[PDB]
Amino acid sequence: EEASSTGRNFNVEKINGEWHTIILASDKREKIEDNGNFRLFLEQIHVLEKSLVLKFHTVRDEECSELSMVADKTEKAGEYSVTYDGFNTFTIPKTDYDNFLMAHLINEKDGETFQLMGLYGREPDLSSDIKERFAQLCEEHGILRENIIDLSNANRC
Ligand SMILES: CCCCCCCCCCO
């Protein structure tokens, strides 16, 4: 079965555990390019009562660096917020819990904004069919495929 974090049947406990960044997308491409602050490689999600603890690593000059973030539930069900290079809010528009998770995030910094979308997998890669479904979700948010970056061949340290 599939669910959205904003949906009535969402079961947040089921997204707990191991995840990997498979594809990142943004309407401001530089944010997810080589030295972008949003080129984050997810490692795990720890589900807590009113928050999610996210563990990631970033890469630079071929060197991995760990970083953790705590995302808090907001007043709208299925939405979380976290401070990181500005103020962010995000939801999970589609996940099947066992294979993939698609997240949509809005960043606000210095009076500006941009959208980020991420495709995460339980394994270090996903099927071409799931990757195509992600491209379609990106299209629905006005993000061109040329702004979608597959990082499956570079998500391990
Ligand atoms: C539901 C947990 C998935 C992570 C939320 C998206 C955060 C994007 C990090 C910058 O690429």
# chains A, B, ... in the order shown; residues from 1 in each chain; ligands from 1
>>> residues_around(residues="segment 2-6 of chain A", least_positions_apart="4", cutoff="12 Å", atoms="only C-alpha atoms", output="PyMOL selection string")
chain A and resi 10-15+73-80+90-104
>>> write_last_selection(atoms="C-alpha atoms", output="mmCIF file, in the first residue's frame")
data_model
loop_
_atom_site.group_PDB
_atom_site.id
_atom_site.type_symbol
_atom_site.label_atom_id
_atom_site.label_comp_id
_atom_site.auth_asym_id
_atom_site.auth_seq_id
_atom_site.Cartn_x
_atom_site.Cartn_y
_atom_site.Cartn_z
ATOM 1 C CA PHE A 10 -0.381 7.575 7.108
ATOM 2 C CA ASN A 11 1.611 5.483 9.580
ATOM 3 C CA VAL A 12 4.727 7.495 10.430
ATOM 4 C CA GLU A 13 6.342 4.627 12.373
ATOM 5 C CA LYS A 14 6.734 2.733 9.118
ATOM 6 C CA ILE A 15 9.234 5.244 7.684
ATOM 7 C CA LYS A 73 5.780 18.276 13.591
ATOM 8 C CA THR A 74 3.936 21.496 12.746
ATOM 9 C CA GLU A 75 0.258 22.261 13.264
ATOM 10 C CA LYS A 76 -0.625 20.661 9.944
ATOM 11 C CA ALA A 77 -0.693 16.863 10.006
ATOM 12 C CA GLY A 78 2.011 15.291 7.885
ATOM 13 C CA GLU A 79 4.167 18.444 7.818
ATOM 14 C CA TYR A 80 7.481 18.934 9.580
ATOM 15 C CA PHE A 90 8.342 19.440 4.289
ATOM 16 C CA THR A 91 5.839 16.663 3.698
ATOM 17 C CA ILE A 92 5.986 13.177 2.213
ATOM 18 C CA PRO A 93 3.620 13.161 -0.769
ATOM 19 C CA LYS A 94 4.143 9.463 -1.525
ATOM 20 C CA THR A 95 5.841 6.478 0.120
ATOM 21 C CA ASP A 96 5.219 2.714 0.050
ATOM 22 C CA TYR A 97 7.322 2.410 3.276
ATOM 23 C CA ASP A 98 9.200 -0.707 2.059
ATOM 24 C CA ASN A 99 10.945 0.595 -1.065
ATOM 25 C CA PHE A 100 10.670 4.351 -1.576
ATOM 26 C CA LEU A 101 9.885 7.689 0.013
ATOM 27 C CA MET A 102 9.302 10.942 -1.918
ATOM 28 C CA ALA A 103 9.620 14.204 0.020
ATOM 29 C CA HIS A 104 8.700 17.741 -0.950
#
>>> residues_near_ligand(ligand="ligand 1", cutoff="6 Å", atoms="only C-alpha atoms and all ligand atoms", output="number ranges by chain")
A: 38-40, 103
>>> atom_distance(atom1="atom CA of residue 87 of chain A", atom2="atom CA of residue 154 of chain A")
27.0 Å
>>> residues_around(residues="residue 19 of chain A", least_positions_apart="5", cutoff="6 Å", atoms="only C-alpha atoms", output="count of residues only")
4
>>> select_by_dssp(residues="segment 41-106 of chain A", states="strand (DSSP E or B)", output="ChimeraX atom specification")
/A:41-47,51-60,63-73,80-83,87-95,100-106
>>> closest_residue(among="A:63, A:27, A:150, A:49", to="residue 107 of chain A", atoms="only C-alpha atoms")
A:27
>>> closest_residue(among="A:81, A:88, A:35, A:26", to="residue 143 of chain A", atoms="only C-alpha atoms")
A:26
>>> closest_residue(among="A:37, A:16, A:115, A:58", to="residue 148 of chain A", atoms="only C-alpha atoms")
A:115
>>> select_by_dssp(residues="chain A", states="alpha helix (DSSP H)", output="VMD selection string")
chain A and resid 128 to 140
>>> residues_around(residues="segment 82-85 of chain A", least_positions_apart="4", cutoff="8 Å", atoms="only C-alpha atoms", output="PyMOL selection string")
chain A and resi 37+69-72+89+109
>>> residues_around(residues="residue 61 of chain A", least_positions_apart="4", cutoff="12 Å", atoms="only C-alpha atoms", output="mmCIF file with N, CA, C and O atoms, in the first residue's frame")
data_model
loop_
_atom_site.group_PDB
_atom_site.id
_atom_site.type_symbol
_atom_site.label_atom_id
_atom_site.label_comp_id
_atom_site.auth_asym_id
_atom_site.auth_seq_id
_atom_site.Cartn_x
_atom_site.Cartn_y
_atom_site.Cartn_z
ATOM 1 N N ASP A 34 27.132 19.840 -6.963
ATOM 2 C CA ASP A 34 28.321 19.484 -6.187
ATOM 3 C C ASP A 34 28.627 20.160 -4.862
ATOM 4 O O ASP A 34 28.917 19.468 -3.885
ATOM 5 N N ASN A 35 28.593 21.480 -4.777
ATOM 6 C CA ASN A 35 28.887 22.050 -3.463
ATOM 7 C C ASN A 35 27.671 22.670 -2.799
ATOM 8 O O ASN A 35 27.793 23.482 -1.887
ATOM 9 N N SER A 65 31.169 13.987 5.574
ATOM 10 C CA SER A 65 30.974 14.641 6.860
ATOM 11 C C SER A 65 29.553 14.357 7.335
ATOM 12 O O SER A 65 28.586 14.522 6.583
ATOM 13 N N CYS A 157 29.935 6.511 1.021
ATOM 14 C CA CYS A 157 31.242 7.090 1.310
ATOM 15 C C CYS A 157 32.437 6.197 1.002
ATOM 16 O O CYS A 157 32.245 4.979 0.808
#
>>> residues_around(residues="residue 68 of chain A", least_positions_apart="6", cutoff="9 Å", atoms="only C-alpha atoms", output="list in words")
residues 53, 54, 55, 56 and 57 of chain A
